[PDB]
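Just so it is clear, none of the values below were taken in a lab; they were calculated from the coordinates. Methodologically, a virtual Cβ is constructed for each residue, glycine included, from the backbone with ideal geometry; neighbour enumeration extends over all protein chains shown.
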Amino acid sequence: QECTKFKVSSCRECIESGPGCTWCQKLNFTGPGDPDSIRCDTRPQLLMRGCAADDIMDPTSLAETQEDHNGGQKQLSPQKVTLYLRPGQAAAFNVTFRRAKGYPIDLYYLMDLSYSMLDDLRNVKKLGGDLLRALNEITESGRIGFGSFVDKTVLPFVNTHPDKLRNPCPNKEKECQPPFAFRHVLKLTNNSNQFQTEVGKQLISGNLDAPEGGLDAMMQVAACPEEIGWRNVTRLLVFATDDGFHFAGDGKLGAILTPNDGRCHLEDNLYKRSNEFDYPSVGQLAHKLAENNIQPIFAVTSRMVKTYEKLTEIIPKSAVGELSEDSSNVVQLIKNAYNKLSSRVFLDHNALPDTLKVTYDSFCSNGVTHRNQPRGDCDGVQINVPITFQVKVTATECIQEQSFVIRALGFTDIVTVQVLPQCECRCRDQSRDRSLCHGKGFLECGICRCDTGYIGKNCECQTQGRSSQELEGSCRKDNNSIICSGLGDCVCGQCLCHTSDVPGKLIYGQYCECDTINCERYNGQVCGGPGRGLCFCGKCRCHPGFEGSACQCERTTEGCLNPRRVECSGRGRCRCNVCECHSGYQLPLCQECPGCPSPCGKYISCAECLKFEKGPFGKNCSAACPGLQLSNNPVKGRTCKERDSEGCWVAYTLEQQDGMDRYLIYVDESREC
Amino acid sequence: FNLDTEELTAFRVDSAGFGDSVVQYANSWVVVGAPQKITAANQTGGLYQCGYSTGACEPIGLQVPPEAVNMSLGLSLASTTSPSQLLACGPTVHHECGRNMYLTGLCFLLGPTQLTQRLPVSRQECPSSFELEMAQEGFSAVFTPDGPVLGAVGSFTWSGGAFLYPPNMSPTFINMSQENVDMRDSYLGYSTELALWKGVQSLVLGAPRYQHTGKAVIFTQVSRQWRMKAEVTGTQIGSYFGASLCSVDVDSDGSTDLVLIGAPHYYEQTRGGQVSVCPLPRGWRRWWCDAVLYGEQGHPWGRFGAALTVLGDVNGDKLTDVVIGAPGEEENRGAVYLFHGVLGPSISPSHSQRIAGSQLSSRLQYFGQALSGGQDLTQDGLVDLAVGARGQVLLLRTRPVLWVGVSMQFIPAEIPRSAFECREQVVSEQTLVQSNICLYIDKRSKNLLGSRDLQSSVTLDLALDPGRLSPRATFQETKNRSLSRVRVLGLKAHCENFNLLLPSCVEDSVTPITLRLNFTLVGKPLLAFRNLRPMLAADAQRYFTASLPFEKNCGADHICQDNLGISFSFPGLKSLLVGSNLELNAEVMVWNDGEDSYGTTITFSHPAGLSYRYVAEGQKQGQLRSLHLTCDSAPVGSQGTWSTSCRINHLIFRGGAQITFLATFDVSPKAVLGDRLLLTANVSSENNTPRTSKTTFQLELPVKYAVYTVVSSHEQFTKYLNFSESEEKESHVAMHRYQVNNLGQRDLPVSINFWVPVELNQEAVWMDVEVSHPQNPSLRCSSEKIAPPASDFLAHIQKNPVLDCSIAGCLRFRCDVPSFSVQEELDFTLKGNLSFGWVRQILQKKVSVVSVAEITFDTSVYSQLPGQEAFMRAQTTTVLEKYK
Ligand SMILES: *[C@@H]1O[C@H](CO)[C@@H](O[C@@H]2O[C@H](CO)[C@@H](O[C@@H]3O[C@H](CO[C@H]4O[C@H](CO)[C@@H](O)[C@H](O)[C@@H]4O)[C@@H](O)[C@H](O[C@H]4O[C@H](CO)[C@@H](O)[C@H](O)[C@@H]4O)[C@@H]3O)[C@H](O)[C@H]2NC(C)=O)[C@H](O)[C@H]1NC(C)=O
Ligand SMILES: *[C@@H]1O[C@H](CO)[C@@H](O[C@@H]2O[C@H](CO)[C@@H](O[C@@H]3O[C@H](CO)[C@@H](O)[C@H](O)[C@@H]3O)[C@H](O)[C@H]2NC(C)=O)[C@H](O)[C@H]1NC(C)=O
Ligand SMILES: *[C@@H]1O[C@H](CO)[C@@H](O[C@@H]2O[C@H](CO)[C@@H](O[C@@H]3O[C@H](CO)[C@@H](O)[C@H](O)[C@@H]3O)[C@H](O)[C@H]2NC(C)=O)[C@H](O)[C@H]1NC(C)=O
Ligand SMILES: *[C@@H]1O[C@H](CO)[C@@H](O[C@@H]2O[C@H](CO)[C@@H](O)[C@H](O)[C@H]2NC(C)=O)[C@H](O)[C@H]1NC(C)=O
Ligand SMILES: *[C@@H]1O[C@H](CO)[C@@H](O)[C@H](O)[C@H]1NC(C)=O
Ligand SMILES: *[C@@H]1O[C@H](CO)[C@@H](O)[C@H](O)[C@H]1NC(C)=O
Ligand SMILES: *[C@@H]1O[C@H](CO)[C@@H](O)[C@H](O)[C@H]1NC(C)=O
Ligand SMILES: [Ca+2]
Ligand SMILES: [Ca+2]
Ligand SMILES: [Ca+2]
Ligand SMILES: [Ca+2]
């Protein structure tokens, strides 16, 4: 299949050459004066040479599935995978996950208290008897908590002085509460009516800047339940605001350059740190939040629906809920919560060391046959229908024994996956044949590994003073080749490549022909530096995810993809994260052809064949006019305005899209004769 | 890779928010910021100037008006060099308008002049909606030849902008209009930077929160325009794409080449951070922050891209280098990075240095928040860097990087066979070979003449046949197989030859004896401590080896004739223009009609514009190259040319056998070389060239160059047909406007040709047609009439109503052009009263007359790149449909 010889001293050093590398233990396999590295070829070649089939060693990766009794863990099995991983070779172990049901719930209502959230506070101040009612079906005795929030106390987020601070309420001043940011009004409790009444109590407030500072509240909530308290089972939150959201960096406005620590420090169920403290970064939640098994449920105006939509992409376990400005259909949010919140099955892992690389597979229940990708995104599984993730762990070198975990984001079930550096092959000892190797060496699967000072395929020679005549037979590749290809002095038939104390430099081979320095370069680096690929006798063996003569096409990925997720839009192969746009179409993703004339000609005939019905001329239309779309909307971009078949000026824009002659038109409902 | 991490200066002035924002003042001083240095009643902060002479910071005098309150100045800083000035700012002024106060911002201009204050100090009186109440102008500032520029954030719907101040003339301002519906709450102007050019200046503002993701927008200030050039959305939500920005100069041409961007809070799997490189394409409505790359690091929650500044040429390879902060690295500890340019729009993802907060920074939490460098302040020659940190601010100088060239030779070229096979009655007469090595430093521009740039001590370490445990010789001075001696270098060579002793009798003779040197920079004491530590560059081939061949025994006689020939060609090579045909495939064949050549070498001569790259082909081919060979490029000729030798490394070339291999030379898209490029091929054996007439093989090729030349028919074109046609009038003059432009990369003369119909069987089509050339000098154009083939035009246009020049006596206009500079959109139009008389001549209606416009240029020397683009031949078809 494939096997290039690295320095081969033992059966193990033949293994460290590549996947398609096999080794032969059968003794007397070395000819009168043949190299010991010949024992390391491909399985096919070995049989063609004579090497027996049962003599072909091939130490392989496999998986140990030590399954538990039961109740150990619930729907993440196996529970303990002790893999024996050989470098370069992938070990595969499956993961059965059949979610069951619903555990003890624990909600928390993060509501923005602004003057815009007035009729929201009214139509919501006490509708919690239907929440436990909506909780009754699936889960049983859950918990209910509340937390208010507005925006940082200090400006520029809201006027800090003066007594409009005591009275922010615009115009009405109905005794609204002082400007705040996070007030833990209610703790997680069983009761429901006590919860409702403790809410209506507090009234709204107000601030200056339009977007809110609700992000600071997020952390402070799930930061120290040593004062807020939280169930050890489930924890769902729900964001609610008819306004934006401020993240890290914005704090520099308020003269505060102290970043977010992560822990809340309140003394009266009320923040007094957010002022001397900067906003939680956008990504400081998907970590801390998902660490405490908490998951917000976006539910805001339709004005802020597609902004939290992009936020759903990033952070895990989060749904989008477009609702009216009255927060009346707020309870239907959770009918849509479990809908696709008990659907996002995740399967990530603790940040593994760089010396390892992990991947997964996916076999969703409804049709999907995915393969090879991190995560376990299957948004098509709910209650009692198992799934399948094929975890494939590979190493680059002989790792040191360690252990990591593969958790499901938003789940307490830890799977302690043990990892064992498997890098050996095992035969015999030095009680058998202290004779051969002339006493100064031991034997292992045929060949003999000599001492520090003895060398040779039988520990016969010494590194001080040897040669013969026709021992130089297999010491040169051919009769017209220099001995040991230079850079190597022949001893006892074989060659001992010389050594260079130069970074990277290394000679090797029977005749010392191959080096690990003289290959194809890239970006002023050998085979693309140590990162991309490596060098081995001219050809570059690029690391995984990199191909090309010298890893020149660095990435096998496709940054050639746009948000449309179609490569290079209209035309252009995706070579090395670059597009080869046809015609004058320009980079990066081939959409704008700056030089293209702007053909409205030849399009008039079809423009009056779609909007107007003035006779598909040449033939019919929808055939001679593959500009199939004619949206009933104000599209724009290529503002065209030419004439019709007979006199009248027919106006119409022309928004092209993606590939070749594909278009999208809106022909003005008007003419001019 | 030369940022001092030992002997530096540290200013630890404990003043609250001290060392939170810093800038390079006039070269002599560095200004730090302490916004939270409480003064009076919840008022300003204060500034501090620090000098190198004495490690101490002196307060700076300021007339803080009672008007400006809680402005916490110093938060935003900025300095120019033009004349040396500085700009400090309180971006948090509080003015009480009763019901509610707001934030205006107040800045101060200092220097060796008048202490100006310039919003300017029209204390901004009091007045959903907003206008300019909480715009905190001066939040970020940067200078420019035509007056400073401060940035507002809360402009209107917190859209943003930047107030430009001219020379005592009333200031202007640039928002994004209101017609721009979006951009609500984006802090446009959070960060600001210049973008000078060979032409007019260009500003840039950072909008961290455009649609809550982050976009960066670039603006131009054309005469009576001040519109937008272009922009680029963010990559991810919350990424904060727009935080930091830095226009940097990959080279030193003085025109800003590219622009960096910040997004400390970005990720996909690791939240290290994100900086984005985004060159500055010219030609609005197109601009990509994706000239590929974007620097990062393998450490989550690092805030990488928090700040950054142009540092300039530090390593002296003509390639400016930049610095980037990341105060979130490690356990909240600080961090900084160093990158280098390459060629034009690009940087090197792999950084050379990563000085972090682990550098016996005893105990500072986050460092690198901000930083600005490029100025020589310690007055030791080369530039310096200033990086602010919580509590204190540090200065890292740039250690001199010199590199040296070396020459190796063996006085006795080869070995005379005298002390070769030897004999055993009487002696070892050990032959005496001499090996002379020389050392000289050449690339010096930065360090300049004088102390340091000259004197240095060095340790030398010569060693023969290292890789083998069979020393083929020894030096006499020490008697060992190697030796070392510390000797003084200079910009002027230093040559010393050493004595070598070859034993009369030896086994291996075929393999020349190698001699390599390990050399470095020992001691590093040089006069004063104003150099401290010099060092070498990245590409330090400190291991240089030279070979000594032997007089190979070609028999007990026969004299050993060295006879080798050589000949090469270029398979399929057609025309070779610079741009296409980057790789250059050479098929070299070679002979051996004499004695066996062992270490046969084959060297080429070529213009600077190319070098050799390993082919490494496999897969498969052919009757053909098989061949591991070692090649070493190197500069030779007086000025321009240089040789790339290539010795067939490890095997023999025997008998009258011929062999063919493939050697490819990459050629640069900007290859400076004559209208013709020649190249040769010296061929010889390992045993050198013992005799007279060299066997060199050369050939000379015509060279051309790539160019992008395009032309369109502007949509201001007269298609005017209409039914009112009672008589045969004259003047409804039509207007064919043609716009042209070249996206090539070289200034090149051109000549734009035209074709406008007129005479048509004595019946003029449209008369007195001339061509205007607005927005450009009065150029000279030619005029010539010509008569078409004269076919039956009756049936001709009956096919197609068109009226090309092939029917009606056309008119060619040859508008020559001195030098069509690249990027120049030189455009112009042509008009003439269009007669209605000829319309009847052909007896039809709805006819249409066409003009063809085709650009040309010397087919030789220049040529269009992609294959073949007809983008240099536009067309405009007007219609004369007039009925009744
Ligand atoms: C920079 O960016 C801004 C905003 O992005 C661009 O648009 C300006 O936006 C404001 C929006 O409010 C436009 O409105 C102006 O309102 C001022 C005062 O408020 C009036 O309108 C509000 C809301 O209707 C009422 O509640 C209030 O009672 C007022 O009626 C007016 O003073 C502005 O001036 C207008 O009338 C004056 C009369 O003196 C005329 O001189 C002006 O031309 C104008 O008609 C205005 O009505 C404002 O129009 C926008 N400015 C401009 C210049 O168009 C800006 O365009 C942009 N600036 C630049 C220079 O490009
Ligand atoms: C030229 O090169 C050679 C070899 O590279 C230098 O010889 C000695 O080489 C060794 C590396 O094999 C140096 O490293 C030693 O390494 C350990 C760490 O691995 C370190 O603890 C020791 O302090 C030592 O550095 C060794 O330094 C080096 N010898 C000396 C005297 O520095 C040779 O020195 C080089 N020629 C010079 C310096 O002129
Ligand atoms: C094959 O070619 C190269 C260059 O042609 C030889 O390298 C050295 O080249 C230089 C010229 O750059 C020779 O120096 C002199 O050239 C100048 C004119 O430019 C002339 O004034 C001098 O009289 C001399 O010719 C130099 O001699 C030559 N090096 C050697 C060792 O001779 C190279 O030598 C050639 N390869 C061989 C001979 O194997
Ligand atoms: C500036 O204002 C701050 C409050 O914004 C003052 O800080 C304290 O504020 C509380 C609450 O109003 C007062 O009760 C304290 O008396 C203030 N502390 C002190 C020590 O006075 C702060 O004092 C003000 N600074 C100045 C000097 O005007
Ligand atoms: C895992 O599942 C796949 C698909 O069902 C199956 O083909 C494979 O054999 C399984 N792997 C293991 C280790 O059982
Ligand atoms: C050795 O190499 C080749 C390939 O088999 C052959 O053509 C030739 O005659 C051989 N040389 C000797 C001297 O045996
Ligand atoms: C002499 O040679 C030995 C062995 O090669 C070497 O280790 C030693 O450094 C040399 N001594 C001197 C004085 O150069
Ligand atoms: Ca509401
Ligand atoms: Ca530049
Ligand atoms: Ca440089
Ligand atoms: Ca300096």
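Of note:
- Per-selection Kirkwood Rh - the range B:704-884 (Cα, Å, 1 d.p.): 17.5 Å
- Computed [θ] at 222 nm, helices only, for chain A once each DSSP H run of length n ≥ 4 contributes -39500 (n - 2.57): -2500 deg cm²/dmol
- Taking every residue in A:253-262 and counting other chain Cβ atoms within 10 Å of its Cβ, the average works out to 6.
- Sorting the segments B:202-210, A:502-510, B:863-871, A:549-557 by their mean number of nearby beta carbons within 10 angstrom, highest to lowest, gives B:202-210, A:549-557, A:502-510, B:863-871.
- Kirkwood Rh, angstrom, the range B:26-126 [1 / mean 1/r, Cα pairs]: 14.3 Å
- Backbone HN-Hα couplings from phi across the range B:50-64 [Karplus 6.51/-1.76/1.60, Hz, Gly and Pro as x]: 10, x, 6, 2, 10, x, 7, 10, 9, x, 10, x, 8, 9, 5
- Phi to ³J(HN,Hα) by Karplus 6.51 cos²θ - 1.76 cosθ + 1.60 over the range A:458-474, Hz, x for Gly, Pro: 8, 6, 8, 7, 10, 6, 9, x, 6, 4, 9, 7, 8, 5, 7, x, 7
- At 1.002 mPa s and 20 °C, Stokes D of chain B from Kirkwood alpha-carbon radius, µm² per second: 64 µm²/s
- Per residue of peptide A:585-597, the mean number of Cβ atoms on other chains within 10 Å of the residue Cβ is 4.
- The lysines within cross-link reach of B:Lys446, meaning a Cα-to-Cα straight distance under 23 Å and a gap of 8 or more places when in the same chain, are B:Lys318, B:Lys492, B:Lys524.
- As a rough footprinting exposure proxy, the listed residues B:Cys246, B:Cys89, A:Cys537 were ranked by other beta carbons within 10 Å of their own, and the order from fewest upward is A:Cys537, B:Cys246, B:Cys89.
- Filter on A:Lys5/B:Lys574; A:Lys272/B:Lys37; A:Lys126/A:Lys172; B:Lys198/B:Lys670; B:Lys785/B:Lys846; A:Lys174/B:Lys37 - keep pairs with C-alpha separation over 31 Å: A:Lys5/B:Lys574; A:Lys174/B:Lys37
- Cβ crowding within 10 Å averaged over residues, with A:645-652, B:109-116 ranked highest first: A:645-652, B:109-116
- Within the range A:398-500, the GluC sites (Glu not before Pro) that combine a DSSP coil assignment with at most 10 other C-beta atoms in a 10 angstrom radius are A:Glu401.
- Subset of A:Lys288/A:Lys340; A:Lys152/A:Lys335; A:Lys306/A:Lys340; A:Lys619/A:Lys641 violating a 26 Å alpha-carbon distance limit: A:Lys152/A:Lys335
- Cα point-scatterer Debye curve for the range B:555-703, base-10 log of I(q)/I(0) at q = 0.14, 0.15 Å⁻¹: -0.72, -0.82
- Theoretical FRET efficiency, 1/(1+(r/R0)^6), r = Cβ-Cβ of B:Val406 and B:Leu432, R0 22 Å, to 0.05: 0.40
- Inter-probe distance in nm under a simple model that places probes 7 Å from Cα toward Cβ, at B:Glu7 and B:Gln762: 9.9 nm
- Our summary gives the range B:555-703 a relative contact order of 36 percent, counting only alpha carbon pairs under 8 angstrom and 6 or more residues apart.
- Set of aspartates and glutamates near A:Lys74 by C-alpha distance (under 12 Å), chain-local residues within fewer than 8 positions excluded: A:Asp413
- Viscosity 1.567 mPa s, temperature 4 °C, Stokes-Einstein D of the range A:505-673 from Kirkwood C-alpha radius, µm²/s: 65 µm²/s
- Across peptide A:478-490, the mean count of Cβ atoms from other chains lying within 10 Å of each residue's own Cβ comes to 5.
- The spread of Cα positions in the range A:100-345, taken along each principal axis and listed from longest to shortest, comes to 54, 37, 36 Å.
- Isolated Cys residues of chain B, judged by Cβ distance under 4.7 Å to other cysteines: B:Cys246
- Going from the residue with the fewest nearby Cβ atoms within 10 Å to the one with the most, B:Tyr366, B:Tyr440, B:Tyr266 rank B:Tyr440, B:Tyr366, B:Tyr266.
- Pairwise alpha-carbon distances in the range A:357-406 exceed 14 Å for 58% of all pairs.
- The protein assembly as shown - Debye-derived log10 I(q)/I(0), Cα point model, q = 0.05, 0.08, 0.09 Å⁻¹: -0.58, -1.32, -1.47
- For the range B:760-767, Karplus couplings with θ = phi - 60° (6.51, -1.76, 1.60), whole Hz, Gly/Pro x: 8, 6, 6, 8, 4, 8, 8, 9
- Comparing Cα centroids, the range B:801-845 and the range A:476-515 end up 75 angstrom apart.
- Between A:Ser467 and B:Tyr543, the FRET efficiency from the beta-carbon distance, with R0 = 45 Å, is close to 0.95.
- Note: relative contact order over the range B:704-884, using C-alpha pairs below 8 Å and six or more positions apart, is 40 percent.
- Rg [Å, one decimal], Dmax [Å, integer] - the range B:402-554, C-alpha atoms: 18.5, 63
- Partner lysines for A:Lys440 [C-alpha distance under 17 Å; skip if fewer than 8 residues away on the same chain]: A:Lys457
- Here A:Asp54, B:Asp376, A:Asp326 are placed in order of increasing Cβ neighbour count within 10 Å, fewest first, which gives A:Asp54, A:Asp326, B:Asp376.
- Per residue, the average separation of C-alpha pairs within less than 8 Å and at least 6 apart gives the range B:402-554 a relative contact order of 33 percent.
- Rounded to whole Å, the principal axis extents of the Cα atoms in chain A read 109, 79, 51, largest first.
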